[PDB]
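Down below is the structure, laid out as structure tokens.
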Amino acid sequence: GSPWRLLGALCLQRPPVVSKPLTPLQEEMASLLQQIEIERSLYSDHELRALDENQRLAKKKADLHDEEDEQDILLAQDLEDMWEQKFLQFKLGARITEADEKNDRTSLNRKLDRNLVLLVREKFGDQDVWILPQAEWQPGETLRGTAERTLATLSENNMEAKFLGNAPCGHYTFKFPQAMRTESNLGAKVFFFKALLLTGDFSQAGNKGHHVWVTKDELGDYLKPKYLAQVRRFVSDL
Amino acid sequence: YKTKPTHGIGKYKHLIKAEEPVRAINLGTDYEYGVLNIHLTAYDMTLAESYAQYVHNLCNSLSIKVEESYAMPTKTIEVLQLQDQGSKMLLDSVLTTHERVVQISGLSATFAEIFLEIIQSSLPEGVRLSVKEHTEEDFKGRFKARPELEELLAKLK
Amino acid sequence: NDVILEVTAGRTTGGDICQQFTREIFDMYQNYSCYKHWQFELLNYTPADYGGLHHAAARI
Amino acid sequence: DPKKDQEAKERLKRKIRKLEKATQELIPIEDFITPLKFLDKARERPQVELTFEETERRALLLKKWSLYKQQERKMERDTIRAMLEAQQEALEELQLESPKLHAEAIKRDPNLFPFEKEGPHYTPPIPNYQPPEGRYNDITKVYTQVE
Amino acid sequence: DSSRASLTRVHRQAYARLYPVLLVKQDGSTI
Amino acid sequence: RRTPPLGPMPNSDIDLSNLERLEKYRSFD
RNA sequence: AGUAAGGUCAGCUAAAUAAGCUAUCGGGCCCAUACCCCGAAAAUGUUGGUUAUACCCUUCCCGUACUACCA
Ligand SMILES: [Mg+2]
């Protein structure tokens, strides 16, 4: 064998649920593009209906020459009122949920406009270290397959993940402390694999102490400075 | 001249791809993928066309060959809703589905993970992304149906 | 070896009795070919003037 | 039978061969085709000239837009470079540790495609939402090739 | 980013005016 | 009868194996 | 061995909107059949090229036709 220990890590990421809010500069550009679009657009059927209805009122008030009585029951402006009333009654979903208010970094319902990365807490040498989910490589199994096996080893989860490619997205090599450092086990070589969380969530048995979901900006709170640097390379915050 | 050392200085066709005249689908190797179709489905025509332009420009900057950029036929579906205290379906709105397809090839297996990550992160709201391997059926779906050929084929059956 | 079967309405009495019966016999062999899973290829078929058969030839 | 059944099938094949070898027409795209209703001059809205201040505001906004998009491209371009450098470095480390696993890592993924991803919604789905009752009717025009 | 290619306009010489609307889906999501 | 060139011929640095992947001029200027 | 010419509804001809007749199918007429009456269906030898096609050219194939002489 080799002195280093093969480890296959899974970089499970939750894609954003809602679109990111527009920047103040983009809001100005968005209004201009909408303004330009209206200027260069032809009259729509709704616009043509309003113009003709206004003319009919003039053709009915200035002179009594109109030869039709029924005309149209509902005017264009009146028709807009019905649409406006329905919109007010309808309530949109809350982009910022209770998880954001309570800072519940366990649920997936937080920061729907950002990217969440799964983190778990594992105890090594009577020390709690936050690392990405990982498992030890076994004979007769691909390196990517170990990461797939890591998902099945989680605490009561029915999550489905979509792995992208076979080559690892990154690596992290560390050596054990000199107290237990031996030639047989010099250290370990962690390999990261990214996947997309399609559906599923952990059960309500254990939440706070088991796993957390944080973005790249707040990812440094849990990871070690040496471990954080390697993770921040293959994890994007676009 | 042939005997002079400057022979062949004027040769130019060896620097030009031979263009000597539908298209055969080239399957990828064990390390590269074959011809891929990047479908872009959205209910807004502007969003579908704009993102297809973004994908087309992204591939050029990534040195990924683009086989062809084309638009699939627009699908129009009527939307009807049931009236209150009634059993009659009344038309509510008309929705048109616009699909834009960008065809690429020669994508590396290792680079596929990076390419797919970038495009999915930039996907606009209301736009559906679907990347499929190019097949003969997909290409044949862009052509008008031929009932006359079908009628003759039915006789043979 | 394949058989070229022929049926002919013999001239033995008046009417179309001979001719009508030839049609039944010809259909019997055609149906018997299907029962034995034999290929029945029609060669000649001359119908009579009253829904019968004058002479018919077929290959089995 | 020999002069009727056999001859009928031969002529059917001839018609099939002519149709199969004939050129196939593409389905027209309604998006690119301008409807004739838009050609009518009645729909042409009047044009209002922009003021000097309005044109100046747009020109400055476009100039700021060029720099904003350039910075977006730089962030995206560096993101691709950061991923590529990490992935290539990881592959080199894997090859040194175990050449056999490196060979499997660089192989293509048959299950990767088809890859489907839907864009984020403006609002999250309502946990308890009751959509109205209705029916979807397809009215897409069918185009057929003749002659 | 979802705003990478979202700020667009109709690139047509002749086209009817289009209005920004919210499409409520069956799950309550809107686009 | 042939005579070898006295120096580097034009377009000798062009790699013909990857001609498809080589960047073209695409413009007159 | 050479050269001419022809290839079209099942059949035979006319035209190249590929029609008419017979045959064929369905109905009526008749105790029945045929005739008759109504209605329907049915094809360019093949190859490729002729803006594009067809009547054209041309590839190939079946059949046809004339010539093969003087010492
Ligand atoms: Mg009759």
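Here are a few things to note about the model shown:
- Single residue of segment B:113-144 satisfying the filter (among the hydroxyl-bearing types (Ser, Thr, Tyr) and within 10 Å of chain A (Cβ to nearest Cβ)) that is farthest from D:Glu85 (Cα to Cα): B:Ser122
- Against the criterion of being at the interface with chain E (Cβ under 7 Å from one of its Cβ atoms) and out of contact with any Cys (no Cβ under 9 Å at 6 or more places or on another chain), A:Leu51 does not qualify.
- Boolean, A:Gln35 is within 14 Å of chain E (Cβ to nearest Cβ) and either not hydrophobic (A, V, I, L, M, F, W, C) or not in a loop (DSSP other than H, G, I, E, B) (or both): yes
- Any hit, segment D:60-67, residues being surrounded by 12 or more Cβ atoms within 10 Å (Cβ to Cβ), at the interface with chain E (Cβ under 10 Å from one of its Cβ atoms) and in contact with a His (Cβ under 8 Å, 6 or more places away or on another chain): no
- Restricting the first member to segment D:1-16 and to residues that are over 13 Å from B:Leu153 (Cα atoms), and the second to residues that are more than 7 Å from RNA strand G (Cβ to nearest atom), the beta-carbon pairs closer than 9 Å and six or more apart or on different chains are D:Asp1/C:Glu41; D:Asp1/C:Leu42; D:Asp1/C:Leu43; D:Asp1/C:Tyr45; D:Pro2/C:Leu43; D:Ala8/B:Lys155.
- A residue that is more than 16 Å from RNA strand G (Cβ to nearest atom) and in a loop (DSSP other than H, G, I, E, B) occurs somewhere in segment C:21-37.
- Of the set (1) more than 21 Å from D:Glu89 (Cα to Cα); (2) within 12 Å of chain D (Cβ to nearest Cβ); (3) aliphatic (A, V, I, L, M), all apply to A:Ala229 but (1).
- Residue in segment D:37-57 that is within 16 Å of RNA strand G (Cβ to nearest atom), touching a helix residue (DSSP H, G or I) at 6+ places or on another chain (Cβ under 9 Å), at the interface with another protein chain (Cβ under 10 Å from one of its Cβ atoms) and assigned to a helix (DSSP H, G or I) present: no
- Condition met for A:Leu42 (touching a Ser or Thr at 6+ places or on another chain (Cβ under 9 Å), within 14 Å of another protein chain (Cβ to nearest Cβ) and surrounded by 15 or more Cβ atoms within 10 Å (Cβ to Cβ)): no
- Contacts under 7 angstrom Cβ, first residue in segment A:169-189 being of a type in the set (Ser, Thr, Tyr), partner surrounded by 12 or more Cβ atoms within 10 Å (Cβ to Cβ) and assigned to a strand (DSSP E or B), 6 or more apart: A:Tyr172/A:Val190; A:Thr173/A:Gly187; A:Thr173/A:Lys189
- Of all residues in segment D:9-38 being loosely packed, with under 11 Cβ neighbours inside 10 Å and of a type in the set (A, V, I, L, M), the one that is nearest to the chain's Cα centre (by Cα): D:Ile33
Yes/no per residue for (1) over 31 Å from the mean Cα position of the chain (by Cα); (2) within 14 Å of chain E (Cβ to nearest Cβ); (3) surrounded by fewer than 15 Cβ atoms within 10 Å (Cβ to Cβ):
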site	(1), (2), (3)
D:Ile80	no, yes, no
D:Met83	no, no, no
D:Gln87	no, no, no
D:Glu93	yes, no, no
D:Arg108	no, no, no
D:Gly119	no, yes, no
D:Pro132	no, yes, yes
D:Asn137	no, no, yes
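- A single member of D:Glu30, D:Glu72 is away from RNA strand G (no atom under 16 Å from the Cβ), of a type in the set (D, E, K, R), within 11 Å of chain A (Cβ to nearest Cβ) and within 26 Å of B:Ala48 (Cα to Cα), and it is D:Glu72.
- Count of segment D:1-23 residues which are at the interface with another protein chain (Cβ under 7 Å from one of its Cβ atoms), more than 9 Å from RNA strand G (Cβ to nearest atom) and under 13 Å from B:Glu148 (Cα atoms): 2
- Beta carbons closer than 7 Å, at least 6 apart along the sequence or on distinct chains, pair a first residue in segment C:47-60 that is within 14 Å of another protein chain (Cβ to nearest Cβ) with a second that is within 13 Å of RNA strand G (Cβ to nearest atom) for C:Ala56/C:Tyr45; C:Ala56/C:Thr46.
- Candidate set: segment B:1-42, residues that are touching a strand residue (DSSP E or B) at 6+ places or on another chain (Cβ under 8 Å), at the interface with another protein chain (Cβ under 8 Å from one of its Cβ atoms) and closer than 29 Å to F:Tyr25 by Cβ; chosen: the one surrounded by the most Cβ atoms within 10 Å (Cβ to Cβ): B:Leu36
- Selection of strands (runs of 3 or more DSSP E) fully inside segment A:96-180 by the criterion of at least 2 residues being closer than 26 Å to A:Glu218 by Cα and under 18 Å from the mean Cα position of the chain (by Cα) returns A:116-123, A:160-163.
Just so you know, all these numbers are worked out from the coordinates, no wet-lab data involved. In this analysis, Cβ positions are derived from the backbone assuming ideal geometry, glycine residues included, and neighbour counts consider all displayed protein chains.
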